[PDB]
Amino acid sequence: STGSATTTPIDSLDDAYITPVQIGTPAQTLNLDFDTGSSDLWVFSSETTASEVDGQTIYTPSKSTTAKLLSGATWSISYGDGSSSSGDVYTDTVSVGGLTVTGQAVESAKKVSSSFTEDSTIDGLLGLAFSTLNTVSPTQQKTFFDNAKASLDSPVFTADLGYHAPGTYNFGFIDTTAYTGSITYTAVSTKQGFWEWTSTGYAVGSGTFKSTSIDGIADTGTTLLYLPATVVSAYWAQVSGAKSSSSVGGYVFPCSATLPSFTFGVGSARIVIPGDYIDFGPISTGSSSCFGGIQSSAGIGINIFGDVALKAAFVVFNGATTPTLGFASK
């Protein structure tokens, strides 16, 4: 089997992407944030505290003929941005882009933190990291990918995120029309439950490439590119008037600037992030200070190749017995 679904930016900045997901019988379609940095499929639901729901579409298990309470199971998750959610668990039929899994754990939120409530466009998350990170207790549950894997034509999914445009998540096949040149594959460590890999270095603009190992994670659920402070300082030093602002919480730059590109290495290959991808617009409405898309990972404890980086590539998440990542230009 295969599946193919379009993923759509939630706003004009590409702060996140949503993908429609069918849950239950008859189908209830929710728009989920596919997150290769976590391993829980959780939804706004009929159980969510009413004051914490503001415009989201909810899953109502009582209206699904295939929903079953997973008795005694609970979940609770905290993300890198400080957000959180928790609740109880159903199993139900879940389809993505025509690919169906029966018996998928659908984590129903009883509580969500304010950032979730305030984002009306995201109805929940679909985690695509390794199932070792799944938070269900006392019986850990599998991701949608892990449950689909054995049925897929190939044990892979791909992320093809757009810049200010829709893109695609495919399951079970590699669309050879969706990228240019060849795909470079690189090793993955699953020791922390992430798609963790090592970039071979970077360049700023037209500058020379710096060969240096940068360990980090491929994380579709993180907006920005978080890299070591040395690398980030070297990038922003090329932008007149850029500075790190402790009050704003990262590097800002004059909205009048033209940003340089940023290149990262994948083995001997290179992915170029155009400068425009690094502009996250005014820090507050009408400001002439703009927020940067490359930020320091210092204090986060891991480097994160978030959407800023991944949207410059066609990315293969290879879930074979030994997982690997692949990157191609597009």
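Numbering starts at 1 and runs along the sequence shown.
Contact detail for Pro20 and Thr6: the closest heavy-atom pair is CD-O, 3.4 Å. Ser83 approaches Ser115 most closely through the heavy-atom pair CB-OG, 3.2 Å. Smallest separation of non-hydrogen atoms from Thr198 and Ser213: CG2-CB, 3.7 Å. The minimum heavy-atom distance between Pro260 and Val239, with the atom names listed, is CD-CG2, 3.6 Å. Between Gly172 and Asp153 the shortest heavy-atom distance is O-CB, 3.5 Å. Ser131 approaches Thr143 most closely through the heavy-atom pair OG-N, 3.0 Å.
Judged by distance alone, with hydrogens and angles left aside, the side-chain atoms of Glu52 form a donor-acceptor pair with the main-chain N or O of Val112 at under 3.5 Å. For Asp123 (side chain) and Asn31 (main-chain N/O), a donor-acceptor pair under 3.5 Å exists by modelled atom type. Within the 3.5 Å criterion, the main-chain N or O of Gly265 finds a donor-acceptor partner in the side chain of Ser199. Looking at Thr91, its side chain never comes within 3.5 Å of a backbone N or O of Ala105 through a donor-acceptor pair. Checked by atom type and distance alone, the side chain of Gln56 pairs as donor or acceptor with a backbone atom of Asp119 at under 3.5 Å. Remark: the backbone N or O of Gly193 is not paired with any side-chain donor or acceptor of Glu196 at under 3.5 angstrom. The backbone N or O of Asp88 lies less than 3.5 Å from a partner atom in the side chain of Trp75, making a donor-acceptor pair.
Looking at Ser45 and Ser108, their side chains do bring a donor and an acceptor atom within 3.5 Å of each other. For the 3.5 Å distance criterion, the side chains of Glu107 and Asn134 qualify, holding a donor opposite an acceptor. A donor-acceptor contact under 3.5 angstrom links the side chains of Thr135 and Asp40, judged on distance only. In summary, the side chains of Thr117 and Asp54 do not present any donor paired with an acceptor at a separation below 3.5 Å, with no hydrogens or angles considered. In the model, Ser62 has no side-chain atom that pairs as donor or acceptor with a side-chain atom of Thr60 under 3.5 Å. A donor-acceptor pair shorter than 3.5 Å can be found between the side chains of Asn147 and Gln104. Neither side chain, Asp35 nor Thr220, offers a donor N or O lying under 3.5 Å from an acceptor on the other. Looking only at atom types and distance, the side chain of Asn170 has no donor-acceptor partner in the side chain of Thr168 under 3.5 Å away.
Side-chain contact check for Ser288 versus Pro254: every heavy-atom pair is 4.5 Å or farther apart. Within the 4.5 Å cutoff, side-chain heavy atoms of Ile300 are placed close to those of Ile304. At a threshold of 4.5 Å between non-hydrogen side-chain atoms, the residues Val89 and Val106 do not count as touching. Taking the side chain as every heavy atom from C-beta outward, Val308 and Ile278 approach each other to under 4.5 Å. A heavy-atom distance below 4.5 Å is found between the side chains of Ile302 and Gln192. Taking the side chain as every heavy atom from C-beta outward, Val94 and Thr100 never approach each other to under 4.5 Å. The closest side-chain heavy-atom distance from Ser64 to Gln28 is below 4.5 Å. Looking only at side-chain heavy atoms (C-beta outward), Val188 and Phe194 stay at 4.5 Å or farther from each other.
Checked against ring-ring contact (aromatic ring centres under 6.0 Å, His included), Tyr163 has the following partners two or more places apart in sequence or in another chain: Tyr277. For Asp160, the salt bridge (charged side-chain N to carboxylate O under 4.0 Å, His left out) criterion is met by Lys330, not counting sequence neighbours. With sequence neighbours excluded, the residues forming a side chain to side chain contact (heavy atoms under 4.5 Å, CB included) with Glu118 are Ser114, listed by chain and number. Scored by the ring-ring contact (aromatic ring centres under 6.0 Å, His included) test, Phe34 finds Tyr169 as partners (sequence neighbours excluded). With sequence neighbours excluded, the residues forming a side chain to side chain contact (heavy atoms under 4.5 Å, CB included) with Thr230 are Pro228, listed by chain and number. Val248 meets the side chain to side chain contact (heavy atoms under 4.5 Å, CB included) test with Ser245, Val252, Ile283, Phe291; sequence neighbours excluded. Remark: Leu13 engages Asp11, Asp15, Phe280 in a side chain to side chain contact (heavy atoms under 4.5 Å, CB included) (not counting sequence neighbours).
Among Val231, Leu259, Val232, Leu224, the one residue that satisfies the side chain to side chain contact (heavy atoms under 4.5 Å, CB included) test with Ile294 is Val232.
Sorted by first and then second residue, the ring-ring contact (aromatic ring centres under 6.0 Å, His included) pairs involving residues 201-226 (not counting sequence neighbours) are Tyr202-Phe262. Identified under the salt bridge (charged side-chain N to carboxylate O under 4.0 Å, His left out) test for residues 249-274, with sequence neighbours left out: none. Residue pairs meeting the side chain to side chain donor-acceptor pair (under 3.5 Å) criterion with at least one partner in residues 174-186, sequence neighbours excluded, are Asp175-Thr177. Residue pairs meeting the side chain to side chain donor-acceptor pair (under 3.5 Å) criterion with at least one member in residues 302-312, sequence neighbours excluded, are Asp14-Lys311, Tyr17-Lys311, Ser297-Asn303.
In this structure, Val272 is not a member of the same hydrophobic cluster as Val266, with clusters built from ILVMFWY side-chain heavy atoms closer than 4.5 Å. Hydrophobic clustering (ILVMFWY, side-chain heavy atoms < 4.5 Å, transitive): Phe173 and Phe171 are in distinct clusters.
The aromatic rings of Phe157 and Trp195 stand perpendicular to each other, their planes meeting at an angle above 60°, with 30° marking the opposite boundary.
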Q: Step by step, work out the side-chain contact (heavy atoms from CB on, under 4.5 Å) result for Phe44 and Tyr59.
A: CA-CA 6 Å; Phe44 279 79; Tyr59 169 58; over 6 Å; no
In a table with atom names and distances, give each donor-acceptor pair under 3.5 Å that connects a side chain of residues 312-329 to protein atoms at least two apart or in another chain.
from	atom 1	to	atom 2	distance (Å)
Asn318	OD1	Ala320	N	3.1
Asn318	ND2	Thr324	OG1	2.9

